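Asker: Got a sequence here, can you model it:
(chains A, B, C, D, E, F and G)
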Amino acid sequence: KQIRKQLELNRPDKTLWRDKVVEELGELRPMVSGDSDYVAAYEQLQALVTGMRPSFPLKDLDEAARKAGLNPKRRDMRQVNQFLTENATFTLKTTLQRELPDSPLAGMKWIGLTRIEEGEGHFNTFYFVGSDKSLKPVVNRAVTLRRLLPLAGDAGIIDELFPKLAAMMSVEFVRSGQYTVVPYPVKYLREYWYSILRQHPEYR
Amino acid sequence: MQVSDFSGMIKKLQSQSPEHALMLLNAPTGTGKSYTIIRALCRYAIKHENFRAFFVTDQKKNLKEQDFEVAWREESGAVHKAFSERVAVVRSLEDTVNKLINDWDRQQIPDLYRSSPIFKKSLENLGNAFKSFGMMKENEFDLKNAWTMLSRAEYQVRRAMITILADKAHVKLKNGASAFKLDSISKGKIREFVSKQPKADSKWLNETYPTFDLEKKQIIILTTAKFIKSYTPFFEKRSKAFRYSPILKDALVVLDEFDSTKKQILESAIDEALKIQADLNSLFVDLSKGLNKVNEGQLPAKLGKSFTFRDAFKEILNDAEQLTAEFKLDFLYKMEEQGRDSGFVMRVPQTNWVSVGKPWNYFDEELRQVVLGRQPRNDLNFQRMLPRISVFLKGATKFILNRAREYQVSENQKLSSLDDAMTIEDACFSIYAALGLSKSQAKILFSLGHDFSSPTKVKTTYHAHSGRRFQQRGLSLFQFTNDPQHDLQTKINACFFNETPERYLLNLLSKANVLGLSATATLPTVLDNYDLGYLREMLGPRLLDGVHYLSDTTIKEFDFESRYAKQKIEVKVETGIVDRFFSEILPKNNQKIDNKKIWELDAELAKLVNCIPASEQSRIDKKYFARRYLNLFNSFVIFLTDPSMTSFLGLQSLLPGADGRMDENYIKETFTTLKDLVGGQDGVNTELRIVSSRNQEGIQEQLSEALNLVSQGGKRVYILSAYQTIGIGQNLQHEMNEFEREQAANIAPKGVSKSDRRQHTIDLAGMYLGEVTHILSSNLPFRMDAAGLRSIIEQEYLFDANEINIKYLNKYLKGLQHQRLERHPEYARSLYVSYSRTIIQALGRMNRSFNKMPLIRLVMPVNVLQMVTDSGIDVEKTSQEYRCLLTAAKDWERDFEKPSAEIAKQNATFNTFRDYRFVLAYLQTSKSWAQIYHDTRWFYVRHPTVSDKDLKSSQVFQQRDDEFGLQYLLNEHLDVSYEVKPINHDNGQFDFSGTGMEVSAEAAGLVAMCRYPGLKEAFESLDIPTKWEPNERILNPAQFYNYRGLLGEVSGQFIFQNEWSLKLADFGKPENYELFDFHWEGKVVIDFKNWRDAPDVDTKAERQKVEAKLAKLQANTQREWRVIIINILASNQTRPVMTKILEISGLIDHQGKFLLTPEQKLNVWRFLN
Amino acid sequence: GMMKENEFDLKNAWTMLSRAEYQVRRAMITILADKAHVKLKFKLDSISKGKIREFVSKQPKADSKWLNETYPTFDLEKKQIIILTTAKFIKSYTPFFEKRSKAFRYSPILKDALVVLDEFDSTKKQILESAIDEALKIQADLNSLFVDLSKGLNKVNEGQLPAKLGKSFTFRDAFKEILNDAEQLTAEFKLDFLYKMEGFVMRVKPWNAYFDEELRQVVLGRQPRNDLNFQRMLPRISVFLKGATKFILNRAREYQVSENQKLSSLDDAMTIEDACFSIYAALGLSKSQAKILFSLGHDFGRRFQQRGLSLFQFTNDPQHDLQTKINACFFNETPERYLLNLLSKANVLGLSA
Amino acid sequence: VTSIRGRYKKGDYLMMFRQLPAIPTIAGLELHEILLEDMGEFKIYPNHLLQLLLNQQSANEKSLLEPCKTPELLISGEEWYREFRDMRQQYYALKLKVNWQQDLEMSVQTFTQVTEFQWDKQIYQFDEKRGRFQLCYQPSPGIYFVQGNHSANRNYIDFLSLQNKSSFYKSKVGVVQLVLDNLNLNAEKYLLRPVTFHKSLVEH
DNA sequence: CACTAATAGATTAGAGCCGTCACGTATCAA
DNA sequence: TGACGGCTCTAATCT
DNA sequence: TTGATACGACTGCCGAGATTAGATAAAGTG
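Answerer: Numbering: from 1, shown residues only, chains lettered A, B, ... in the order given. Next comes the structure:
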């Protein structure tokens, strides 16, 4: 839902009214209150809007900003984009791929553990593994949830062993350039079992 | 609007017979200019009895044969000739057959022919053929064959009637068929016999066949497509071409709807260019062998004597002889590999574009063949050879055309039978066949020079110069195909395209006066209207104007602004701004609308835009169709919410159909729902009628029925259609009803007749103008067909009119390479002028009655407001509502002047660079080209800044007859210095806005050159200025390169021949005269190189170039030569470096003093001696 | 059917029907190609054609039956008995993959075949009627055709040509004798210079021809000055063309066997109409001239059966007034010689009665 | 229509009727109108009802409850479409189903083109207006489809894309969001609380 | 010239796929 | 036999 | 003066209508 809401704000062919946008930015001006470059970029964008025709698609504003030097990769323009995303009805760039305290892309980026109710009192435990790098515009595959079921011991087994499993899961040799969903000794076990299968067709 | 003005205009045009001037007249459609010109033309033709006129229009219904006959009856003197005898309509073959059969059915045929059994049988056969041709048309097509069958049957019928005519006229026809070559005198007997016959049968014969006696015809009414095509004489079996017919001499062709003829002419030219193809290799070899055949005294007396009489013939012979050796064209080309896509190579005047992949490339002696393959190995340069062969073919064809005209005039003055003689298509074909070429070769080589020439030798006070290159060289594209029929060689199928519509009009203007009528005749667009700039440049005084021959009262009446203002007929425009929803297309003031109905409307809209027929990966964006639907429904809502909106005319560019793009049923259901939802009490009696070609009834029938529903029905209607459906004219006026008579405004001036139809009707109370369709052909993929050629010709037209730079052209060509369409040009005045022309033609049909609604409303999308313009078209000579629309479009504007000037500058630089590359390729072959290059460079140096008059008056400009390198920039502020930023320095592209490279005397080092003692006196001696006097024209960077080169050349010559006190003899041997600069004692070579900025990148490339030139020179002279390159000015420390190539960093510094006298003198003296 | 009801020229309707049938034919290929282990959609007329034919020979059980019964020409080389009417036997056939119809009389299929001629007595009128239409349909100018051939023949001697074809020509000495004959008689009859005019002429009130230097051409109006017996000019050119065409036919046969032998394939290449037409197109000759030359050439005793009829007809046209086209109609293939050629390709039977 | 099927079979299909038709008697079928309070007798858990409401949905933005007879919701537009050398139209949809443990499954279903009706196999027809596949019980005008993908290349639907809103709407997350928002809007009355994915807290 | 005839689903279980192993750019620490 | 790992078609299982 | 860490990676346009003449060009029988 939040991804839809933000991409609606960043929609390219979204028509805008010059007078309405100018008035909205003027009213939002007091809320900026940042560093020198941030406020300077905000005022430059505010003064840029008046240049174009009374109505324009958001692509025209984006191209005008890019030509005027408001490259989204810059540190000042990024804060303006974030401010517009949080408070304005439009934004030149969306803060989706950015790492934010509460991102809508949560769970697809890091290793964490969850506690799903799954009914009454079972307290089923799961964990996920996400890509360490910043997410690319497209993500082909989802990230499955493994299950942590204590066969022996109390419920603290998970709470005391999960950091070790996560430490084993942050390795590069098992999976090329990514985390490994399972601990790395599973790779050793899989290779060792394949070595046996090479000599024992009874188990192939 | 009076007949006397048009008669005086015709008299003025006829008074300019020796020059054949062209007349253009732009007047509003609501004046009946066609009727007035018909009356005036008929009066003049009746009065003079020696004057010819071709009334040429586009569509059949605009011929107005009945108007011509009624005008002839009204003003046909007091002793008169039959109208059918003088003024006749030249119909097409189909229409002629249709009329003949229809006359046979109602028995209009005279008893002389109907009683003939043989003619009855022939006519029965013709009817049987037409009943099939009809079906063929309606069915399997490939109608070319069908047409040949219909032509053969019609010729059989004509043979039957001429046979019976000769039988009744006591004329004996001499007789695997009889030679129906009736003697000129027999034609005379037939003509006088039908003259002596009763009026009815002679009238019928003249009406059904105008070609019976075409010489005695005075006014000929025929369509544009037929006029540019051929016609069949009544007796002769084959068909003569109107363009070459002697009947066009000293005629007056009238082009009704003058601007609309260009599309038809261009499409016909494209079709004929694609129809004719030939193998380049064979054609060239056979032509060269024929050119050798004439220069051995083997041809008859007439051709051989005239051909050898000029030096140009020997020059062409040498060109062909050296070209064959250069590209080894005596052998055959065999692309051995089976290409997954053979593709085609198009040669635009800008670049040599290849369809796919790596460009084609070597002689292979051990197999004794040329490969023509896609491998890195290439010796004989193909991409060079195709243009090189094309240019030689064009020159040879021009020469042959000149000799053919000479031979034609010779044989024509020789013969005594004037009535039927050689008409110059015959002469060219005869000469080509005498050379030894086939019919296809003759056609392809005759469609190259066609007829454009300098008219033998006729000196005139005007000079026809034009910098446009597409209209001088054209585009030629080649195809490679190999077939099991010819496994040994690979055919290079070449099709050319030279006859642009402007070129065709100019060729026509060489033999007949042209008068043009149109509402937008003088609109400056190169897409729909002729290239007015090109025509003006090539004509001069011959391009007259029409407004000088109209009464002032007509001009005053054209205004209509004062009347509208006085009677308080206010025009209000409403813009439509929608994104995806229905909520903003509905009135916000009301609230009775329940959100459920709006939600349902949005859901059906989403389904309909989902119904869009799959495209070839164009990726349906359900958004554009949603915008168009919402704009149409906003127009619907505005129409429904206004009781005074009696009549309305929606005008999209899509006729509603069954698909989801425009759905008739969906539109009707949405209209009904919106009526029930928002009408309430204002649109309780509205109705929507869609007029289109989909309905069986005619467009006029449906329009009349809807307007009747308005007038006598009592209900307001909404008419929806496309721009192309409702043609110019087709007035939409309806008889006034009681409510509409209760409130209106009678714009009629005081004193008009109360009993007048125009005062008893009303015009439309509002129009909706949808988005305009394809202006620049949008087509994918760029195949070798009519659509692709039309698109590339449109782009070339835009480039010549200085509206797109080479950057956009290259980007668009690359887009065609990957089958992905690009963005339309942002700053192209022709595009917006065409857009405004379409909208003006749409709006011109709302001011054709004296009574008007007190509030005319106009609704259109925002992009329509943005794309409209005012440049080129006079505001006073347009509809008042268009004036209001323009006034309301002041916010949405795109400036032309600055970007257009920048693009013109870049195009001038690119064209100069291309000209110099071309002359460099042809530098050592011809002597005239070398002289032109030398004179042009010396004029470059002698005149860094020149005035317009001083540039035109120059001898090089006068003699070149076109802008060859002499296309200076436009110095607006008379600046002596300007700065440009180079981009792709090897392609002549320069962004004039950006800085980074100086073009000035200081930049060329001319001041440092001045600081050397003695260089001033030499420069003033050679008339070379020491500083740039301010002037209105300045050099371009491509010109500045050769300016620098020649300046360095002369300065280095002087400095080296003064400091060393030895004479450097310039290379006086032609081929090496333009290859290297100077030599001395026959063993050393001196080549100075002045280049200041000098990107140091890949100096070893320059070494390879100079060593290759040195090797070529040594191979020429069989001697040891040593090259000493010298830079005249250097900002770096001097440092000679040896190798036989010698090197000198610099000679003079910015203070004009020698750099390293001792070491340099020692080294040069030691090595040279 | 509607067109047939119209009683019209069946050429246009036949072309439309042929296009419609070619569409479904091509549909069959595009269905079979991806099915078999191939793609590339000539469909690899040397490789993937064999793959298609092999695929349709092993997996199908009943679909192969329908394909063979409906389209026998799909794989004709493996067909044993070819029952067909004489009209189709002499009016070519349309191969499955290719669009252009190959002629029966030249197809490698007919190589070493046994052709039973049922009602053989009736295979005379059909052959004669087809031959006379073929002769009347294909016309060319004798003067231009001869000089064009000599230039192409002179091209061989003087290097040029792709060599692959050049060798065979330099060998087999008679190549130089035909050329020196051509060069010898070209000067004698001045066919280098364009003829000029100012009724048919059958061969088994007359015309003459001088050579007015002033005009630099030759006249042929009747005022006998230097009549070289133009009536003997015609047969010399005719017999030279006959001999040259036989020589070219032999070279085309050699180039055919060479090309087919290096490109081992499934009996489908160079139907020896393509070979001679390629030879003529390399020699710089037009399509119509190549057709006339091949028609004259395919000839490898009474007077008719020895040299046949050769009718010539002068003409004039305003399109070309400085020259006169000596249009030549040639007939040398009598039905007996057609039977003899079919006897060289294959052997006949005599079931006639 | 949804499918009640469990290991303890008391039903095989559920029919949601606005107006109940005349219940007939056919040998081999047991049809009997039930009440939602007795819905436990046939092992109809509160999950096939959400399946019915899902089956009524559509892919298009701003849609309503349209009646449908297909047991499963299969969503496919024009983007997920390709042709072969035989011009065999081959769409691939996104099957949406809520399992017995209230988990949404978004598996990809591929459909191939068949010319003639097959009375023994299931026949599917693409409802272009609603942008979703539908079951075909009787011969109908149009082009028929059948499950399966026998061509070499597979068909993958992107999980989520952040290029722009249009690209986002043509991914698994985007299509799921579109369907969920539609269902939460048109069937407002039928759910006491909206359909939202279960929120959980990351621990480690 | 010719056809009639008259036809398991639904839900898991697994082999085997593709496709992702991030890259060129502004930017704060050390 | 780059290999991990989601997951897609498809044969299997189950009435 | 360079070795980190957080985020950029941009797709175009969007039909109807009206006018011509243009060698050709196979192989059939219910």
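
Asker: now the helices: where do they sit in the stretch 851-1000 of chain B?
Answerer: Counting by DSSP state H, counting those that start in this stretch, the stretch 851-1000 of chain B has helices at residues B:862-867, B:880-888, B:897-921, B:927-942, B:948-952, B:955-960.

Asker: other SSEs contacting the first one?
Answerer: Packing partners of helix B:862-867 (3 or more CB pairs under 8 Å, 6 or more residues apart in numbering or on different chains; DSSP states H and E): strand B:570-576, helix B:829-843. Quick note: C-beta positions are derived from backbone N, CA and C, even for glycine.

Asker: of those, which approaches chain A most closely?
Answerer: Closest of the helices and strands packed on helix B:862-867 to chain A is strand B:570-576, at 8.2 Å (criterion: CB to the nearest CB).

Asker: returning to that earlier point: just name the most buried of the helices and strands packed on helix B:862-867.
Answerer: Mean neighbour count (mean count of other CB atoms under 10 Å in any protein chain shown) peaks for helix B:829-843 among those, with a mean of 22.

Asker: out of the helices of the stretch 851-1000 of chain B, which comes closest to DNA strand E?
Answerer: Nearest to DNA strand E, of all the helices of the stretch 851-1000 of chain B, is helix B:897-921, at 26.7 Å by CB to the nearest atom of the strand.

Asker: among the helices and strands packed on helix B:862-867, which is nearest chain C?
Answerer: Here helix B:829-843 is closest among the helices and strands packed on helix B:862-867 (CB to the nearest CB), at 38.7 Å.

Asker: Output the contacting helices and strands for that closest one.
Answerer: So helix B:829-843, by 3+ CB pairs under 8 Å, 6+ apart, packs with strand B:766-769, helix B:786-800, helix B:862-867, helix B:880-888.

Asker: so of these, which one's packed in deepest?
Answerer: strand B:766-769 (a mean of 26).

Asker: Walk me through which strands that strand pairs with, and which way each runs.
Answerer: strand B:647-652 (parallel), strand B:855-861 (parallel) (DSSP bridges).

Asker: Would you mark the buried spots in the longest helix seen in chain D?
Answerer: Assignment by DSSP state H gives helix D:172-186 as the longest helix of chain D. By 16 or more other CB atoms under 10 Å in any protein chain shown, the buried positions in helix D:172-186 come out as D:172-183, D:186.

Asker: what does stretch B:277-289 give?
Answerer: B:277-288.

Asker: neighbouring contacts of the longest helix of chain D?
Answerer: Applying CB atoms under 8 Å, 6 or more residues apart in numbering or on different chains, the contact partners of helix D:172-186 are A:1, A:3-4, A:142, D:53-54, D:56-59, D:61-65, D:73, D:75, D:94, D:96, D:104, D:106, D:157-161, D:168-169, D:191, D:194-196.

Asker: Tell me how far it lies from the chain's centre.
Answerer: Mean C-alpha position of helix D:172-186 versus that of the full chain (CA atoms, centre = their mean, to the nearest Å) differs by 13 Å.

Asker: That one near DNA strand G anywhere?
Answerer: No: taking CB under 7 Å from any atom of the strand as the criterion, helix D:172-186 and DNA strand G are apart, separated by no less than 14.2 Å.

Asker: That helix and DNA strand E in contact?
Answerer: No: with CB under 7 Å from any atom of the strand as the criterion, DNA strand E is not reached by helix D:172-186; the gap is at least 13.1 Å.

Asker: circling back: which of the contacts of helix D:172-186 fall within strands?
Answerer: D:73, D:75, D:94, D:96, D:104, D:106, D:160-161 (DSSP state E).

Asker: Show me just the buried residues among those residues.
Answerer: Among these, those classed as buried by neighbour count (16+ other CB under 10 Å) are D:73, D:75, D:94, D:96, D:106, D:160-161.

Asker: was I right about residue D:79 contacting residue D:169?
Answerer: No: shown here, residue D:79 and residue D:169 do not form a contact pair, counting by CB atoms under 8 Å, at 9.6 Å.

Asker: and the two? which has more neighbours close in?
Answerer: Neighbour totals were compared for residue D:79 and residue D:169, and residue D:169 leads with 19 against 13 (other CB atoms under 10 Å in any protein chain shown).

Asker: re earlier: output the strands paired with strand B:766-769 in a markdown table, with mean neighbour count and distance to DNA strand F appended to each entry.
Answerer: Shown next, in a markdown table, are the strands paired with strand B:766-769 (neighbours: other CB atoms under 10 Å in any protein chain shown; distance: least, CB to the nearest atom of the strand, whole Å):
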| stretch | mean neighbour count | distance to DNA strand F |
| --- | --- | --- |
| strand B:647-652 | 24 | 41 |
| strand B:855-861 | 22 | 41 |
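
Asker: can you redo those as JSON lines with distance to DNA strand G?
Answerer: Listed next are the strands paired with strand B:766-769 as JSON lines, based on distance: least, CB to the nearest atom of the strand, whole Å:
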{"stretch": "strand B:647-652", "distance to DNA strand G": "8"}
{"stretch": "strand B:855-861", "distance to DNA strand G": "12"}
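
Asker: For the longest helix of chain D, output the C-alpha coordinates as CSV.
Answerer: Provided in CSV are the C-alpha atoms of helix D:172-186 (Å, rounded to 0.1, in the frame of the first residue of the first chain):
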residue,chain,number,x,y,z
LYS,D,172,3.1,-10.0,-8.0
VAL,D,173,3.0,-7.5,-5.2
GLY,D,174,1.4,-4.8,-7.4
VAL,D,175,-1.3,-7.2,-8.7
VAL,D,176,-2.0,-8.4,-5.2
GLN,D,177,-2.3,-4.9,-3.9
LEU,D,178,-4.7,-3.9,-6.8
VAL,D,179,-6.9,-6.9,-6.0
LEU,D,180,-6.8,-6.4,-2.3
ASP,D,181,-7.7,-2.7,-2.5
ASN,D,182,-10.5,-3.5,-4.9
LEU,D,183,-11.9,-6.2,-2.6
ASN,D,184,-11.6,-3.9,0.4
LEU,D,185,-13.6,-1.3,-1.5
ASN,D,186,-16.4,-3.0,-3.4
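
Asker: Of the buried ones among the ones in strands among the contacts of helix D:172-186, which is the nearest to chain B?
Answerer: residue D:75 (12.1 Å).

Asker: tally of neighbours for residue 43?
Answerer: You didn't pick a chain, so chain A it is. Residues lying near residue A:43 (other CB under 10 Å) number 14.

Asker: look at chain D instead
Answerer: 16.

Asker: and if you look at residue A:24?
Answerer: Residues near residue A:24, counting by other CB under 10 Å: 18.

Asker: Same check on residue B:1099?
Answerer: 10.

Asker: tell me the contacts of the residue sitting nearest the centre point of chain D?
Answerer: Per CA atoms, centre = their mean, the C-alpha nearest to the average position across chain D is that of residue D:73, at 0.6 Å. Shown in contact with residue D:73 (CB under 8 Å, 6+ apart): D:54-55, D:57, D:95-97, D:132, D:179.
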